[PDB]
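Down below is the structure, laid out as structure tokens.
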Amino acid sequence: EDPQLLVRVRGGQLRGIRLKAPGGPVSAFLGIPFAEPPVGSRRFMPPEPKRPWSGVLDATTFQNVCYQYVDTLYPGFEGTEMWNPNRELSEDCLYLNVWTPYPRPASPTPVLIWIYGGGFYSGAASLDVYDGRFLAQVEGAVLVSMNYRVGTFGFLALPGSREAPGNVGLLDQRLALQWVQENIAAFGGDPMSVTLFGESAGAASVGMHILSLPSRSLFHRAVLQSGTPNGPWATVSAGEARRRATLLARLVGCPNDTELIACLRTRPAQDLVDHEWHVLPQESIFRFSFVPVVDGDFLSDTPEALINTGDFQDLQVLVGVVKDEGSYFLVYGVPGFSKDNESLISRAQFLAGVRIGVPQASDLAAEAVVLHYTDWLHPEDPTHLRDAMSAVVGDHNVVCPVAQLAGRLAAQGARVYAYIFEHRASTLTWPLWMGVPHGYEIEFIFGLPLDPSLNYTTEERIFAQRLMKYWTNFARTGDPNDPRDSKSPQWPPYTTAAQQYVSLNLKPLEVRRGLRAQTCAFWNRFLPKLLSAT
Amino acid sequence: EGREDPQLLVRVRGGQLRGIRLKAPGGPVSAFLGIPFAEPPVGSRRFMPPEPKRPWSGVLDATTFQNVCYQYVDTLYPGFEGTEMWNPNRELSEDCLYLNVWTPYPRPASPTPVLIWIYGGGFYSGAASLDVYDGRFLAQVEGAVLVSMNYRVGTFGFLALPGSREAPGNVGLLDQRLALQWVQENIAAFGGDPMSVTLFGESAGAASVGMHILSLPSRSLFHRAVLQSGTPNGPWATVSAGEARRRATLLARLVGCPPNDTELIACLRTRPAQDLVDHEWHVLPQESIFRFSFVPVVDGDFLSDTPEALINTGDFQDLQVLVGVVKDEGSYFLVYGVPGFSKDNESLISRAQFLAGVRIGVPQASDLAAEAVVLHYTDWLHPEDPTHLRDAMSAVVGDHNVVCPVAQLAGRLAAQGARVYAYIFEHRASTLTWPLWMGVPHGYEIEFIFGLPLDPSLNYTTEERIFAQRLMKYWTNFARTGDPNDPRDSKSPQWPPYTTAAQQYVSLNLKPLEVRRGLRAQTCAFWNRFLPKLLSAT
Ligand SMILES: Nc1ccc2c(c1)c(-c1ccccc1)[n+](CCCCCc1cn(CCNc3c4c(nc5ccccc35)CCCC4)nn1)c1cc(N)ccc21
Ligand SMILES: Nc1ccc2c(c1)c(-c1ccccc1)[n+](CCCCCc1cn(CCNc3c4c(nc5ccccc35)CCCC4)nn1)c1cc(N)ccc21
Ligand SMILES: *[C@@H]1O[C@H](CO)[C@@H](O)[C@H](O)[C@H]1NC(C)=O
Ligand SMILES: *[C@@H]1O[C@H](CO)[C@@H](O)[C@H](O)[C@H]1NC(C)=O
Ligand SMILES: *[C@@H]1O[C@H](CO)[C@@H](O)[C@H](O)[C@H]1NC(C)=O
Ligand SMILES: *[C@@H]1O[C@H](CO)[C@@H](O)[C@H](O)[C@H]1NC(C)=O
């Protein structure tokens, strides 16, 4: 036996695996149970801490992926399959992973906790792009990722009930955060320096931990990559969650909350998944059926209310977006869009797309979107219309909620750093029109280009190394700038006055001002006044 | 006669005229000033359509400018050239229906294209006798026959009680039409081609030119048109029959006239001209800028429907139009009503002053519509910057009232068969006395088109004299051929026609022609497509 692979955590002993990273070994502890399997009577219920075990628990393999819908849009295509589960689907999925340097850090090391995305309906901490071996090896970081319940299983709520209260997927995350406080020092991690980081629904989850007091004592810093707690898709009202749960219950033949939930618990997992998509109020894109609910418990008020009134004085936040946030969403529901053609659309297809892309918009509000995004010099140009459609979806759902979050946190005492990731991976198999799509920065931050077998360019390996340094410098100090590098250009904090952000690309840092300032003034200030007054 | 200069004796349908040999920088010109074209619209004739001038006996002396139509005299900045250059330069009288004619000296042997000037001044002011409307340069240098007429302004020209016989409205436009009919009958007596008449005007003059395009009985009296910083469509050029009835009834009330239309109009006719002027400004529905009390009315007669309806449905196939704007259309309007603005300070305003200004600048806007304007014109990087706010305020007024109505007109005419040429005049006169922040204000291209820099006594630069010469060539080539380009000078940048596809227009400045695309395309999509929908719905 290897003493570097033997760890005693409060629940008992574990045996990890020595893994080979490009520059040397790492110790990986995969499939650690952090909760009692949320099966049977415990379906839809908050997680319970995992009971202690006997002997040495084998923590050398990733555990099951939470029950979720498997994407079959483009079957066998690397572009879609890379996001699809890579372990067996099971309701017994509440396990976490830990990567540490080999040997175990001599002094307490800053901890980075990854919370995956997938619209709160999908994802796993076991996907290749979330591999913590590089950050652990190269930057000496203790990296943790956990599985949390997604879909009906994690977010089906009958608000006010005790059996299905909602937000249980976020409670699974909170329990993995409590686990880290209690056990990370056994791995050489500093429980007093925990940075949460996530992308898309993961970033929204990070934001929801900022906005929920019981989570606030479990971390010190936060990274929100292409996602926010505020916005059109991250939350639903208690009413809308009640509507959706009652409809899915009807669809699966379930005729009192206790009675309804009891019946939902008798249904096989796949039956719930099979009907999940049928509860959305309109034909839409960037909208998910079971997402966090504004319950007045985990979320005391709507994220908008909480970000506008919160005190963020002793907080550091790294936020940002990718060049083309909304591009991939178009092939999943907008007529005229495909990965296999240049997707040059007509004006009619653009107006049609805006109603799907902004499903909550009135006729006047949709006209306001169309008139803002049209290039009145080339209003019929298919390339301009195709690119405008991507912008509507990315701006509405990601860029402008990020700009609003950065603005409110900065105004209310937080230390904020903002970025725009603009490098398209050389290895990308999605069409060129999709640009830098939502989620394709993750592989750089995690340092995948550093594996020569993955065939990224030399420039991409240097760029990934740079990104890993920003993220780990941020986790260490709350500032992404290298205290060693006495050379320019420094990454300035984002402020309400100067609105500074940086470009993350192959070229050195470039400081820009105003994150789509005019367009986001449209989404964040005008459009609410339009759906408000009428 | 017999001892007189034979080149100054001309007969017209009404009788004999004696003109005057004027001096232009490059030689003499013939001028026939103060020719009567109508029966004085006085007494019982006040508010009534003009009647053609009855013939006279003897030789009428046409050597001096005649009376300016009764109007409000501006006393904003008294003594200041900037305001006094626009103020009447002859006696104010209700007897003002006279026209002027400048022709080469000696008069052309062959029929010459005719240019007819229609002055601006919000339909409340103006005269064809102002120094900037001097036809002596265009006549001398370009051999043109230039005509300008006085038309009734204010209550006198545009007070209407729609449906009445006594005050039908648009009589100021009928005075213009009568001067157009006079040109058809008599211009050949001066060497002018009645078959090649180009109307040109600025501001309310340009709106009047547009109203002659949109009114069938005028269409047979001209062949081409120039609309400088003004249009028939837009927020200020017309009023509804209801709004005109409201305003006429209110002014009647204000001057002690109890409201029957016959009875009310009869009383208005007994009131001294100055009493009507003294109360003219008191009938505007809101605190506003770029809004005038008595303007053309959509009567279902001179204007068969609203100018918007007429420009959207009209066939403009055999029509050549030259349109354009100045760099800073709305700047001067700010000192005439927006708190925080003065010609005497740099006018750096606050956000509160900007929001306040938008309500004055867009008086017909709802709370939501005004918010849409504020959010569009704010620089979300520097939303408190006084220079940006001052400049945004000028842009709101200029765009709303001039730039975007011009863009809409150019678009509709081009789409419906017309040959449109569009420009942006960007040269600030070296002689300008308004502050630098005002840029190139509304009306300050006129002196260049008329060729005033050509007079050495006016102290313009050599570059400005070459530039004026260039402009006079564009306008007169346009009047001659319907194309501002010189077919001889093929090297010089070509002025392309404005089309709906390419949206081309040129920069008129000291530098050679530069072709640009889209006349403030995004912002005007806001004013012309969005904001009306913010009235059709909420
Ligand atoms: N079977 C069924 C029945 C009914 C419906 C649907 C499916 C679907 C649907 C869902 C998923 C895949 C394909 C189709 N939608 C479409 C809505 C979901 C599309 C949004 C979406 C799809 N995905 C795929 C997840 N994988 C990705 C993820 C990321 N990046 C990616 C980049 C490229 C491609 C995939 C990526 C970053 C974060 C991790 C997840 N992520 N978000 C509906 C919308 C309605 N209005 C009504 C009914 C249905
Ligand atoms: N006595 C009194 C009583 C009440 C009111 C007013 C006056 C005035 C007012 C009118 C003229 C000068 C000073 C003040 N306005 C303001 C009217 C705004 C008119 C804007 C305007 C002013 N002028 C002057 C005409 N001369 C000019 C002309 C042009 N350019 C110019 C450039 C700079 C300066 C003058 C120019 C283009 C050519 C035609 C005339 N032309 N348009 C009101 C607006 C209300 N809402 C209500 C009440 C009043
Ligand atoms: C792209 O392909 C899909 C079918 O594969 C089709 O519906 C769509 O019209 C195509 N677009 C173009 C531009 O041909
Ligand atoms: C890298 O390229 C080589 C061919 O040069 C190929 O054999 C290998 O499988 C590639 N790997 C990936 C992951 O693309
Ligand atoms: C300009 O002067 C006027 C009064 O003459 C005043 O109302 C305005 O506030 C002043 N503006 C500035 C910028 O000083
Ligand atoms: C022109 O300049 C002279 C000074 O050389 C001056 O006396 C005269 O008043 C000026 N006239 C005008 C119109 O500016």
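Following the order of the structure tokens, first chain is A, next is B, and so on, with residues numbered from 1 inside each chain and ligands from 1 in the order they appear.
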Using only C-alpha atoms, what table do you get, as JSON lines, when you list each residue of chain A with an atom no more than 12 Å from chain B, its nearest pair of atoms, and their distance in Å rounded to one decimal, rows by chain then rising number?
{"residue": "A:362", "atom": "CA", "partner": "B:537", "partner_atom": "CA", "distance": 11.1}
{"residue": "A:363", "atom": "CA", "partner": "B:537", "partner_atom": "CA", "distance": 9.7}
{"residue": "A:364", "atom": "CA", "partner": "B:533", "partner_atom": "CA", "distance": 7.5}
{"residue": "A:365", "atom": "CA", "partner": "B:534", "partner_atom": "CA", "distance": 10.0}
{"residue": "A:366", "atom": "CA", "partner": "B:530", "partner_atom": "CA", "distance": 11.2}
{"residue": "A:367", "atom": "CA", "partner": "B:530", "partner_atom": "CA", "distance": 7.8}
{"residue": "A:368", "atom": "CA", "partner": "B:530", "partner_atom": "CA", "distance": 6.8}
{"residue": "A:369", "atom": "CA", "partner": "B:530", "partner_atom": "CA", "distance": 10.2}
{"residue": "A:370", "atom": "CA", "partner": "B:530", "partner_atom": "CA", "distance": 9.9}
{"residue": "A:371", "atom": "CA", "partner": "B:530", "partner_atom": "CA", "distance": 7.0}
{"residue": "A:372", "atom": "CA", "partner": "B:522", "partner_atom": "CA", "distance": 7.8}
{"residue": "A:373", "atom": "CA", "partner": "B:522", "partner_atom": "CA", "distance": 9.4}
{"residue": "A:374", "atom": "CA", "partner": "B:522", "partner_atom": "CA", "distance": 8.3}
{"residue": "A:375", "atom": "CA", "partner": "B:522", "partner_atom": "CA", "distance": 7.1}
{"residue": "A:376", "atom": "CA", "partner": "B:521", "partner_atom": "CA", "distance": 5.5}
{"residue": "A:377", "atom": "CA", "partner": "B:518", "partner_atom": "CA", "distance": 6.1}
{"residue": "A:378", "atom": "CA", "partner": "B:501", "partner_atom": "CA", "distance": 8.0}
{"residue": "A:379", "atom": "CA", "partner": "B:501", "partner_atom": "CA", "distance": 9.6}
{"residue": "A:380", "atom": "CA", "partner": "B:501", "partner_atom": "CA", "distance": 10.0}
{"residue": "A:381", "atom": "CA", "partner": "B:501", "partner_atom": "CA", "distance": 11.2}
{"residue": "A:403", "atom": "CA", "partner": "B:380", "partner_atom": "CA", "distance": 11.9}
{"residue": "A:495", "atom": "CA", "partner": "B:381", "partner_atom": "CA", "distance": 11.1}
{"residue": "A:496", "atom": "CA", "partner": "B:381", "partner_atom": "CA", "distance": 9.0}
{"residue": "A:497", "atom": "CA", "partner": "B:381", "partner_atom": "CA", "distance": 7.5}
{"residue": "A:498", "atom": "CA", "partner": "B:381", "partner_atom": "CA", "distance": 7.2}
{"residue": "A:499", "atom": "CA", "partner": "B:381", "partner_atom": "CA", "distance": 7.3}
{"residue": "A:500", "atom": "CA", "partner": "B:381", "partner_atom": "CA", "distance": 10.1}
{"residue": "A:512", "atom": "CA", "partner": "B:381", "partner_atom": "CA", "distance": 11.3}
{"residue": "A:513", "atom": "CA", "partner": "B:381", "partner_atom": "CA", "distance": 7.6}
{"residue": "A:514", "atom": "CA", "partner": "B:381", "partner_atom": "CA", "distance": 6.3}
{"residue": "A:515", "atom": "CA", "partner": "B:381", "partner_atom": "CA", "distance": 9.6}
{"residue": "A:516", "atom": "CA", "partner": "B:380", "partner_atom": "CA", "distance": 9.4}
{"residue": "A:517", "atom": "CA", "partner": "B:380", "partner_atom": "CA", "distance": 5.7}
{"residue": "A:518", "atom": "CA", "partner": "B:380", "partner_atom": "CA", "distance": 6.1}
{"residue": "A:519", "atom": "CA", "partner": "B:376", "partner_atom": "CA", "distance": 9.5}
{"residue": "A:520", "atom": "CA", "partner": "B:380", "partner_atom": "CA", "distance": 9.3}
{"residue": "A:521", "atom": "CA", "partner": "B:375", "partner_atom": "CA", "distance": 7.0}
{"residue": "A:522", "atom": "CA", "partner": "B:375", "partner_atom": "CA", "distance": 7.4}
{"residue": "A:523", "atom": "CA", "partner": "B:375", "partner_atom": "CA", "distance": 10.8}
{"residue": "A:524", "atom": "CA", "partner": "B:375", "partner_atom": "CA", "distance": 10.7}
{"residue": "A:525", "atom": "CA", "partner": "B:375", "partner_atom": "CA", "distance": 7.9}
{"residue": "A:526", "atom": "CA", "partner": "B:372", "partner_atom": "CA", "distance": 6.9}
{"residue": "A:527", "atom": "CA", "partner": "B:372", "partner_atom": "CA", "distance": 9.6}
{"residue": "A:528", "atom": "CA", "partner": "B:368", "partner_atom": "CA", "distance": 11.2}
{"residue": "A:529", "atom": "CA", "partner": "B:368", "partner_atom": "CA", "distance": 7.5}
{"residue": "A:530", "atom": "CA", "partner": "B:368", "partner_atom": "CA", "distance": 7.9}
{"residue": "A:531", "atom": "CA", "partner": "B:538", "partner_atom": "CA", "distance": 11.0}
{"residue": "A:532", "atom": "CA", "partner": "B:368", "partner_atom": "CA", "distance": 10.5}
{"residue": "A:533", "atom": "CA", "partner": "B:368", "partner_atom": "CA", "distance": 8.2}
{"residue": "A:534", "atom": "CA", "partner": "B:538", "partner_atom": "CA", "distance": 7.0}
Test item: residues no farther than 8 Å from ligand 1, counting only C-alpha atoms and all ligand atoms, as a ChimeraX atom specification: /A:69-73,79-80,83-84,116-119,122-123,199-201,274-288,328-329,332-333,430,437-440
Surroundings of ligand 6 up to 9 Å, based on only C-alpha atoms and all ligand atoms, as a list in words: residues 431, 456, 457, 458, 459 and 460 of chain B
Contacts of region 348-355 of chain A within 7 Å, only C-alpha atoms, excl. fewer than 6 positions in-chain, as a list in words: residues 334, 335, 336, 366, 370, 385 and 389 of chain A
Near-ligand residues for ligand 3, threshold 8 Å, only C-alpha atoms and all ligand atoms, as number ranges by chain: A: 335-345
Secondary structure check, helix (DSSP H, G or I) residues of region 319-432 of chain B, as an MDAnalysis selection string: chainID B and resid 332:336 351:361 367:377 386:415
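With only C-alpha atoms and all ligand atoms as the basis for measurement, B:228 is the residue among B:228, B:186, B:387, B:100 that approaches ligand 2 most closely.
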Close residues to ligand 2 using only C-alpha atoms and all ligand atoms, limit 9 Å, as a PyMOL selection string: chain B and resi 72-77+82-87+119-126+202-205+229+277-293+331-337+360+434+441-444+446
Env. residues ligand 4 / 10 Å / only C-alpha atoms and all ligand atoms / as a list in words: residues 427, 451, 452, 453, 454, 455 and 456 of chain A
Given 9 Å and only C-alpha atoms and all ligand atoms, residues near ligand 5 as JSON, numbers by chain: {"B": [339, 340, 341, 342, 343, 344, 345, 346, 347, 348, 349, 350, 386]}
Contacts of residue 313 (chain B) within 10 Å, only C-alpha atoms, excl. fewer than 6 positions in-chain, as a VMD selection string: chain B and resid 307 412 to 413 416
Polymer residues at most 6 Å from region 130-145 of chain B, only C-alpha atoms, same-chain spacing of 6 or more positions, as a VMD selection string: chain B and resid 24 29 102 to 104 114 192 447 451
Could the residues in this selection be saved with C-alpha atoms as an mmCIF file, in the first residue's frame?
data_model
loop_
_atom_site.group_PDB
_atom_site.id
_atom_site.type_symbol
_atom_site.label_atom_id
_atom_site.label_comp_id
_atom_site.auth_asym_id
_atom_site.auth_seq_id
_atom_site.Cartn_x
_atom_site.Cartn_y
_atom_site.Cartn_z
ATOM 1 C CA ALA B 24 -22.376 91.166 -58.014
ATOM 2 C CA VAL B 29 -27.237 91.367 -62.576
ATOM 3 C CA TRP B 102 -32.734 88.044 -60.312
ATOM 4 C CA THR B 103 -31.461 87.234 -63.809
ATOM 5 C CA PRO B 104 -28.135 87.702 -65.589
ATOM 6 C CA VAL B 114 -35.510 78.702 -62.900
ATOM 7 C CA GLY B 192 -36.506 81.878 -67.651
ATOM 8 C CA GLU B 447 -25.184 81.494 -47.168
ATOM 9 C CA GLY B 451 -22.764 82.142 -52.752
#
